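Novice: File data-v1.cif below, mmCIF, N, CA and C atoms:
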data_structure
loop_
_atom_site.label_atom_id
_atom_site.label_comp_id
_atom_site.auth_asym_id
_atom_site.auth_seq_id
_atom_site.Cartn_x
_atom_site.Cartn_y
_atom_site.Cartn_z
N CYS S 1 179.84 -50.94 23.30
CA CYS S 1 179.03 -50.27 24.31
C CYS S 1 178.66 -48.86 23.85
N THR S 2 177.39 -48.51 24.04
CA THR S 2 176.90 -47.19 23.64
C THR S 2 176.03 -46.58 24.74
N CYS S 3 175.49 -45.39 24.47
CA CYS S 3 174.64 -44.70 25.43
C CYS S 3 173.78 -43.66 24.74
N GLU S 4 172.61 -43.39 25.31
CA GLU S 4 171.68 -42.42 24.74
C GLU S 4 170.96 -41.65 25.85
N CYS S 5 171.10 -40.33 25.83
CA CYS S 5 170.46 -39.48 26.83
C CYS S 5 169.29 -38.71 26.22
N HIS S 6 168.39 -38.25 27.07
CA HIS S 6 167.22 -37.49 26.62
C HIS S 6 166.71 -36.56 27.72
N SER S 7 165.80 -35.67 27.36
CA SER S 7 165.24 -34.72 28.32
C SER S 7 163.79 -35.07 28.64
N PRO S 8 163.60 -35.93 29.65
CA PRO S 8 162.27 -36.37 30.08
C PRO S 8 161.48 -35.25 30.76
N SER S 9 162.20 -34.23 31.21
CA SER S 9 161.57 -33.09 31.89
C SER S 9 162.51 -31.89 31.92
N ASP S 10 161.94 -30.71 32.14
CA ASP S 10 162.73 -29.49 32.21
C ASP S 10 163.84 -29.61 33.25
N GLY S 11 165.06 -29.26 32.84
CA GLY S 11 166.19 -29.33 33.75
C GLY S 11 166.49 -30.75 34.18
N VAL S 12 166.09 -31.72 33.36
CA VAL S 12 166.32 -33.13 33.66
C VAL S 12 166.86 -33.87 32.44
N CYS S 13 167.80 -34.78 32.68
CA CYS S 13 168.40 -35.56 31.60
C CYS S 13 168.63 -37.00 32.04
N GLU S 14 167.98 -37.93 31.35
CA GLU S 14 168.11 -39.35 31.66
C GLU S 14 168.94 -40.07 30.60
N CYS S 15 170.07 -40.61 31.02
CA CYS S 15 170.96 -41.33 30.10
C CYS S 15 170.77 -42.83 30.23
N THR S 16 171.10 -43.56 29.17
CA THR S 16 170.97 -45.01 29.16
C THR S 16 172.13 -45.67 28.43
N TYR S 17 172.98 -46.36 29.18
CA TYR S 17 174.14 -47.03 28.60
C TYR S 17 173.82 -48.49 28.29
N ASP S 18 174.17 -48.92 27.08
CA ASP S 18 173.92 -50.29 26.66
C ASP S 18 175.24 -51.05 26.48
N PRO S 19 175.84 -51.45 27.61
CA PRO S 19 177.11 -52.19 27.61
C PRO S 19 176.95 -53.61 27.07
N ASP S 20 177.95 -54.06 26.32
CA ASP S 20 177.92 -55.41 25.75
C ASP S 20 177.94 -56.46 26.85
N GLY S 21 177.00 -57.40 26.79
CA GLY S 21 176.92 -58.45 27.78
C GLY S 21 176.08 -58.06 28.98
N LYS S 22 176.39 -56.92 29.58
CA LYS S 22 175.65 -56.43 30.74
C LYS S 22 174.38 -55.72 30.31
N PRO S 23 173.42 -55.60 31.24
CA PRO S 23 172.14 -54.93 30.99
C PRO S 23 172.29 -53.43 30.80
N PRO S 24 171.21 -52.77 30.35
CA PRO S 24 171.20 -51.32 30.13
C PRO S 24 171.26 -50.53 31.43
N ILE S 25 172.27 -49.68 31.56
CA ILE S 25 172.44 -48.86 32.75
C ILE S 25 171.85 -47.47 32.55
N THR S 26 170.73 -47.20 33.22
CA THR S 26 170.07 -45.90 33.12
C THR S 26 170.53 -44.97 34.23
N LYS S 27 170.96 -43.77 33.85
CA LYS S 27 171.42 -42.78 34.82
C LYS S 27 170.68 -41.46 34.64
N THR S 28 169.82 -41.13 35.59
CA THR S 28 169.05 -39.90 35.54
C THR S 28 169.61 -38.85 36.50
N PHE S 29 169.74 -37.62 36.02
CA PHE S 29 170.27 -36.53 36.83
C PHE S 29 169.63 -35.20 36.44
N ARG S 30 169.98 -34.15 37.17
CA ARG S 30 169.44 -32.82 36.91
C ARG S 30 170.38 -32.02 36.01
N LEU S 31 169.84 -31.46 34.94
CA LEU S 31 170.63 -30.67 34.00
C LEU S 31 170.98 -29.31 34.60
N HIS S 32 172.24 -28.93 34.49
CA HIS S 32 172.70 -27.64 35.02
C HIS S 32 172.46 -26.53 34.01
N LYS S 33 172.94 -25.33 34.33
CA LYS S 33 172.78 -24.18 33.45
C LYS S 33 173.34 -24.47 32.07
N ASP S 34 172.46 -24.57 31.08
CA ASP S 34 172.87 -24.85 29.71
C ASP S 34 173.74 -26.10 29.64
N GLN S 35 173.40 -27.10 30.45
CA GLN S 35 174.15 -28.35 30.48
C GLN S 35 173.67 -29.30 29.39
N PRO S 36 174.62 -29.80 28.59
CA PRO S 36 174.32 -30.72 27.49
C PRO S 36 173.89 -32.10 27.99
N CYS S 37 172.76 -32.57 27.50
CA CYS S 37 172.23 -33.88 27.90
C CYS S 37 172.87 -34.99 27.08
N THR S 38 174.13 -35.30 27.38
CA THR S 38 174.85 -36.35 26.67
C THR S 38 175.59 -37.26 27.64
N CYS S 39 176.23 -38.29 27.11
CA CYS S 39 176.98 -39.24 27.93
C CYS S 39 178.18 -39.79 27.17
N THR S 40 178.99 -40.59 27.85
CA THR S 40 180.17 -41.19 27.24
C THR S 40 180.56 -42.49 27.93
N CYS S 41 180.50 -43.59 27.19
CA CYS S 41 180.84 -44.90 27.73
C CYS S 41 182.29 -45.25 27.42
N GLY S 42 182.78 -44.79 26.28
CA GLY S 42 184.15 -45.06 25.89
C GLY S 42 184.46 -44.60 24.48
#
Can you dump the structure from the file as structure tokens?

Specialist:
Amino acid sequence: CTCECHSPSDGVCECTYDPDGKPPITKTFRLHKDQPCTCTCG
């Protein structure tokens, strides 16, 4: 299982987890002050 985040817009970060077997889980949220646009599946 992996994941990849990106900055689709200012102060915005959309992550996408690709779990084995299950479909891709996309999680979009608002980036905080100097908040790193990353994720962690395991």

Novice: Pick from S:1, S:35, S:26, S:41: nearest to residue S:14, with only N, CA and C atoms counted?

Specialist: S:26

Novice: Tell me, in Å to one decimal, how far atom CA of residue S:7 is from atom CA of residue S:37.

Specialist: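 Distance between the two atoms: 7.1 Å.
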
Novice: For a test of reading the model, state the distance in Å between atom CA of residue S:22 and atom CA of residue S:39, rounded to one decimal.

Specialist: 17.5 Å

Novice: When you draw a straight line from atom C of residue S:19 to atom N of residue S:36, how long is it in Å?

Specialist: 24.0 Å

Novice: Neighbouring residues of residue S:4 were defined as those with any atom within 5 Å, considering only N, CA and C atoms; residues of the same chain fewer than 3 positions away were excluded. Please report them as a CSV table (one decimal) with N, CA and C atoms, in the coordinates of the input.

Specialist:
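Full text of part_16.csv as output:
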chain,number,residue,atom,x,y,z
S,15,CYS,N,170.1,-40.6,31.0
S,15,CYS,CA,171.0,-41.3,30.1
S,15,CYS,C,170.8,-42.8,30.2
S,16,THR,N,171.1,-43.6,29.2
S,16,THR,CA,171.0,-45.0,29.2
S,16,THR,C,172.1,-45.7,28.4
S,17,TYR,N,173.0,-46.4,29.2
S,17,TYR,CA,174.1,-47.0,28.6
S,17,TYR,C,173.8,-48.5,28.3

Novice: Among chain S, which residues does DSSP mark as strand (DSSP E or B) when it is run on the backbone? Keep the chain and numbering as in the structure and answer as a PyMOL selection string.

Specialist: chain S and resi 2-9+12-18+25-30

Novice: Tell me, as a list in words, which residues lie within 5 Å of residue S:31, counting all atoms listed in the file; anything in the same chain fewer than 6 positions away does not count.

Specialist: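 Skipping anything fewer than 6 positions along the chain leaves residues 11, 12 and 13 of chain S.
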